[PDB]
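Accompanying notes for the structure given below.
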2 protein chains.
Amino acid sequence: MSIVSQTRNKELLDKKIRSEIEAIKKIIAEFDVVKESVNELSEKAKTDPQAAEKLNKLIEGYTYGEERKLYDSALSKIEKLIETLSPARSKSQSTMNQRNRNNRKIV
Amino acid sequence: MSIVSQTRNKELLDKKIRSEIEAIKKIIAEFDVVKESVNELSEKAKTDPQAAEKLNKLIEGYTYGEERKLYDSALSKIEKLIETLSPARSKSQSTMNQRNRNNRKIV
């Protein structure tokens with residue numbers, strides 16, 4: 001009766017994990033964006049002196065991005081989990097070849 | 001300075017990203033939960049008489065994840081991403097070595 005459950009579960013998990021990593025990848029791409037606020041006025045400042053004046057006021061960028069403290073090691077734990085889902089050295093771990101129900105197999 | 005939106009935004013993203021890894025972790029465990037009693041039932045149907053009785057009630061709900069080939073490659077790409085965000089061996093990014101402590105290291 002699992003057929004009535006695994007009719008959407010597979011798709012659900014696929015789309016779920018797919019979206020999770022996409023959001024996280026977006027998060028990690030916003031950090032350098034905020035840090036790029038240290039030169040909001042580049043060509044504009046070069047053209048207009050008043051814009052260059054604002055440059056001395058808009059020279060920020062480091063506010064809430066350097067939060068890689070206790071949460072930094074949290075990412076290290078993720079790698080550990082991924083490694084746990086890896087072969088590490090071999091793929092034949094615990095599992096063993098079976099397929100007894102074949103009736104005279106060629107291979 | 002950027003603080004109006006950065007008020008509680010950090011907590012929002014922190015908790016959200018924390019949900020991803022927890023949700024994904026559960027999905028991985030579900031694969032073992034489903035594909036658990038397979039060799040202990042299907043294979044044992046031929047061997048044990050009681051096992052064959054149970055197989056007559058639940059036979060569809062074992063192999064539902066044998067597409068592990070190009071999918072794992074995507075996860076490996078995730079590792080590379082994490083590694084790219086890590087200083088790895090070059091631990092000099094936004095930091096420096098010290099070793100400013102000896103006091104006669106005769107032992």
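We name chains A, B, ... following the order of the structure tokens; residues begin at 1 in each chain, and ligands are numbered from 1 as shown.
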Exercise answer, chain B residues close to chain A, 7 Å and only C-alpha atoms, as a CSV table (one decimal) with N, CA and C atoms, in the first residue's frame:
chain,number,residue,atom,x,y,z
B,1,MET,N,23.2,54.2,8.4
B,1,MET,CA,23.8,52.8,8.2
B,1,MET,C,22.7,51.8,8.1
B,2,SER,N,23.0,50.7,7.5
B,2,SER,CA,22.0,49.6,7.3
B,2,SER,C,21.7,48.9,8.6
B,6,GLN,N,18.0,45.3,9.0
B,6,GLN,CA,18.9,44.4,9.7
B,6,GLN,C,18.6,44.2,11.1
B,10,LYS,N,18.5,39.0,10.7
B,10,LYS,CA,19.5,37.9,11.0
B,10,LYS,C,18.9,36.7,11.6
B,17,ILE,N,17.4,28.9,7.6
B,17,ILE,CA,18.5,28.1,7.1
B,17,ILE,C,18.7,26.9,8.0
B,20,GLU,N,16.2,24.1,6.9
B,20,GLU,CA,16.6,23.3,5.7
B,20,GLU,C,17.4,22.1,6.1
B,24,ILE,N,16.0,18.3,5.5
B,24,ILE,CA,16.7,17.4,4.6
B,24,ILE,C,17.2,16.2,5.4
B,27,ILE,N,14.6,13.6,5.7
B,27,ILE,CA,14.3,12.9,4.5
B,27,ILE,C,15.3,11.8,4.2
B,58,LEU,N,1.9,-7.1,2.4
B,58,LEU,CA,2.7,-5.9,2.1
B,58,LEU,C,3.9,-6.4,1.2
B,60,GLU,N,4.5,-4.4,-1.9
B,60,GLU,CA,4.8,-3.2,-2.7
B,60,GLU,C,5.2,-2.1,-1.7
B,61,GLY,N,6.5,-1.9,-1.6
B,61,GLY,CA,7.0,-0.8,-0.7
B,61,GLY,C,8.4,-1.0,-0.2
Least-squares fit on all C-alpha atoms, paired in order: put chain B onto chain A and return it as a PDB file with C-alpha atoms, in the first residue's frame.
ATOM      1  CA  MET B   1      -1.576  -0.702   7.996  1.00  0.00           C
ATOM      2  CA  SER B   2      -0.419   2.917   8.135  1.00  0.00           C
ATOM      3  CA  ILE B   3      -1.971   4.496   5.067  1.00  0.00           C
ATOM      4  CA  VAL B   4      -4.773   6.768   6.334  1.00  0.00           C
ATOM      5  CA  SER B   5      -2.350   9.598   7.196  1.00  0.00           C
ATOM      6  CA  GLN B   6       0.276   8.425   4.745  1.00  0.00           C
ATOM      7  CA  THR B   7      -2.133   9.202   1.911  1.00  0.00           C
ATOM      8  CA  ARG B   8      -0.713  12.524   0.749  1.00  0.00           C
ATOM      9  CA  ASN B   9       1.618  13.179   3.696  1.00  0.00           C
ATOM     10  CA  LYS B  10       4.618  12.205   1.554  1.00  0.00           C
ATOM     11  CA  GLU B  11       3.880  14.968  -0.953  1.00  0.00           C
ATOM     12  CA  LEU B  12       3.422  17.475   1.865  1.00  0.00           C
ATOM     13  CA  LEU B  13       6.837  16.818   3.417  1.00  0.00           C
ATOM     14  CA  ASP B  14       8.509  16.399   0.017  1.00  0.00           C
ATOM     15  CA  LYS B  15       7.445  19.850  -1.174  1.00  0.00           C
ATOM     16  CA  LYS B  16       8.048  21.463   2.229  1.00  0.00           C
ATOM     17  CA  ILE B  17      11.614  20.182   2.502  1.00  0.00           C
ATOM     18  CA  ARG B  18      12.161  21.276  -1.099  1.00  0.00           C
ATOM     19  CA  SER B  19      11.181  24.811  -0.101  1.00  0.00           C
ATOM     20  CA  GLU B  20      13.865  24.956   2.606  1.00  0.00           C
ATOM     21  CA  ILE B  21      16.810  24.354   0.272  1.00  0.00           C
ATOM     22  CA  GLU B  22      15.389  26.805  -2.278  1.00  0.00           C
ATOM     23  CA  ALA B  23      14.817  29.544   0.299  1.00  0.00           C
ATOM     24  CA  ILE B  24      18.221  29.083   1.919  1.00  0.00           C
ATOM     25  CA  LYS B  25      19.891  29.117  -1.510  1.00  0.00           C
ATOM     26  CA  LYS B  26      18.377  32.515  -2.275  1.00  0.00           C
ATOM     27  CA  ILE B  27      19.579  33.903   1.065  1.00  0.00           C
ATOM     28  CA  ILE B  28      23.136  32.881   0.185  1.00  0.00           C
ATOM     29  CA  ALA B  29      22.884  34.675  -3.164  1.00  0.00           C
ATOM     30  CA  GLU B  30      21.536  37.838  -1.512  1.00  0.00           C
ATOM     31  CA  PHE B  31      24.839  38.156   0.364  1.00  0.00           C
ATOM     32  CA  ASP B  32      26.647  38.588  -2.956  1.00  0.00           C
ATOM     33  CA  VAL B  33      23.950  40.911  -4.275  1.00  0.00           C
ATOM     34  CA  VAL B  34      24.386  43.287  -1.331  1.00  0.00           C
ATOM     35  CA  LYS B  35      28.156  42.995  -0.908  1.00  0.00           C
ATOM     36  CA  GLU B  36      28.793  43.399  -4.637  1.00  0.00           C
ATOM     37  CA  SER B  37      29.824  46.939  -5.647  1.00  0.00           C
ATOM     38  CA  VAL B  38      32.044  47.621  -2.661  1.00  0.00           C
ATOM     39  CA  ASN B  39      35.586  47.542  -3.993  1.00  0.00           C
ATOM     40  CA  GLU B  40      34.249  49.092  -7.189  1.00  0.00           C
ATOM     41  CA  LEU B  41      32.883  52.123  -5.324  1.00  0.00           C
ATOM     42  CA  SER B  42      34.261  52.712  -1.825  1.00  0.00           C
ATOM     43  CA  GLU B  43      37.852  51.998  -2.891  1.00  0.00           C
ATOM     44  CA  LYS B  44      37.336  53.868  -6.130  1.00  0.00           C
ATOM     45  CA  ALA B  45      35.939  56.962  -4.346  1.00  0.00           C
ATOM     46  CA  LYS B  46      39.494  58.213  -3.839  1.00  0.00           C
ATOM     47  CA  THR B  47      40.508  57.346  -7.352  1.00  0.00           C
ATOM     48  CA  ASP B  48      37.557  58.360  -9.516  1.00  0.00           C
ATOM     49  CA  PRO B  49      35.671  61.692  -9.202  1.00  0.00           C
ATOM     50  CA  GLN B  50      32.309  60.294 -10.355  1.00  0.00           C
ATOM     51  CA  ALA B  51      32.506  57.409  -7.902  1.00  0.00           C
ATOM     52  CA  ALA B  52      32.922  59.894  -5.047  1.00  0.00           C
ATOM     53  CA  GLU B  53      29.693  61.586  -6.133  1.00  0.00           C
ATOM     54  CA  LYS B  54      27.769  58.314  -5.827  1.00  0.00           C
ATOM     55  CA  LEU B  55      29.331  57.534  -2.436  1.00  0.00           C
ATOM     56  CA  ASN B  56      27.675  60.722  -1.195  1.00  0.00           C
ATOM     57  CA  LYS B  57      24.307  59.064  -1.811  1.00  0.00           C
ATOM     58  CA  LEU B  58      24.958  55.430  -0.837  1.00  0.00           C
ATOM     59  CA  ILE B  59      27.768  54.796   1.641  1.00  0.00           C
ATOM     60  CA  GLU B  60      25.964  52.646   4.210  1.00  0.00           C
ATOM     61  CA  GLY B  61      25.216  49.214   2.816  1.00  0.00           C
ATOM     62  CA  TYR B  62      28.381  47.192   2.231  1.00  0.00           C
ATOM     63  CA  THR B  63      29.939  45.192   5.082  1.00  0.00           C
ATOM     64  CA  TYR B  64      27.034  43.306   6.665  1.00  0.00           C
ATOM     65  CA  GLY B  65      28.412  39.808   7.082  1.00  0.00           C
ATOM     66  CA  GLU B  66      31.888  39.541   8.540  1.00  0.00           C
ATOM     67  CA  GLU B  67      30.957  37.083  11.297  1.00  0.00           C
ATOM     68  CA  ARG B  68      32.013  34.052   9.297  1.00  0.00           C
ATOM     69  CA  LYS B  69      33.931  32.069  11.913  1.00  0.00           C
ATOM     70  CA  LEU B  70      31.832  29.997  14.321  1.00  0.00           C
ATOM     71  CA  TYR B  71      28.904  30.100  11.900  1.00  0.00           C
ATOM     72  CA  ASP B  72      30.672  28.076   9.210  1.00  0.00           C
ATOM     73  CA  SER B  73      31.434  25.461  11.858  1.00  0.00           C
ATOM     74  CA  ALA B  74      27.684  24.908  12.235  1.00  0.00           C
ATOM     75  CA  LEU B  75      27.366  24.294   8.498  1.00  0.00           C
ATOM     76  CA  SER B  76      30.249  21.826   8.675  1.00  0.00           C
ATOM     77  CA  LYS B  77      28.222  19.999  11.324  1.00  0.00           C
ATOM     78  CA  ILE B  78      25.416  19.799   8.757  1.00  0.00           C
ATOM     79  CA  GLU B  79      27.790  18.064   6.339  1.00  0.00           C
ATOM     80  CA  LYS B  80      28.599  15.508   9.019  1.00  0.00           C
ATOM     81  CA  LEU B  81      24.877  14.957   9.506  1.00  0.00           C
ATOM     82  CA  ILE B  82      24.392  14.362   5.771  1.00  0.00           C
ATOM     83  CA  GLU B  83      27.411  12.048   5.773  1.00  0.00           C
ATOM     84  CA  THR B  84      25.954  10.080   8.690  1.00  0.00           C
ATOM     85  CA  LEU B  85      22.831   9.535   6.593  1.00  0.00           C
ATOM     86  CA  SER B  86      24.970   8.387   3.698  1.00  0.00           C
ATOM     87  CA  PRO B  87      26.568   4.918   3.310  1.00  0.00           C
ATOM     88  CA  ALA B  88      29.692   6.720   2.070  1.00  0.00           C
ATOM     89  CA  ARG B  89      32.199   4.001   1.198  1.00  0.00           C
ATOM     90  CA  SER B  90      30.355   1.180   2.949  1.00  0.00           C
ATOM     91  CA  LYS B  91      27.809   0.734   0.162  1.00  0.00           C
ATOM     92  CA  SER B  92      26.358  -2.441   1.644  1.00  0.00           C
ATOM     93  CA  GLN B  93      23.562  -0.949   3.737  1.00  0.00           C
ATOM     94  CA  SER B  94      20.342  -2.554   2.492  1.00  0.00           C
ATOM     95  CA  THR B  95      22.186  -3.602  -0.675  1.00  0.00           C
ATOM     96  CA  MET B  96      24.876  -5.940  -2.028  1.00  0.00           C
ATOM     97  CA  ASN B  97      27.375  -6.216  -4.889  1.00  0.00           C
ATOM     98  CA  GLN B  98      26.605  -8.244  -8.003  1.00  0.00           C
ATOM     99  CA  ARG B  99      29.045  -8.268 -10.943  1.00  0.00           C
ATOM    100  CA  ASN B 100      27.013 -11.135 -12.366  1.00  0.00           C
ATOM    101  CA  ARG B 101      27.973 -10.367 -15.966  1.00  0.00           C
ATOM    102  CA  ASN B 102      31.116 -11.328 -17.851  1.00  0.00           C
ATOM    103  CA  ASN B 103      30.482 -13.677 -20.793  1.00  0.00           C
ATOM    104  CA  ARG B 104      34.167 -14.300 -21.559  1.00  0.00           C
ATOM    105  CA  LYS B 105      35.860 -10.969 -20.905  1.00  0.00           C
ATOM    106  CA  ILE B 106      38.719 -11.525 -23.346  1.00  0.00           C
ATOM    107  CA  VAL B 107      38.479  -7.834 -24.220  1.00  0.00           C
TER     108      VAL B 107
END
Can you tell me, as a PyMOL selection string, which residues in chain A count as helix (DSSP H, G or I) by DSSP? chain A and resi 2-4+9-27+31-39+43-47+49-55+72-84
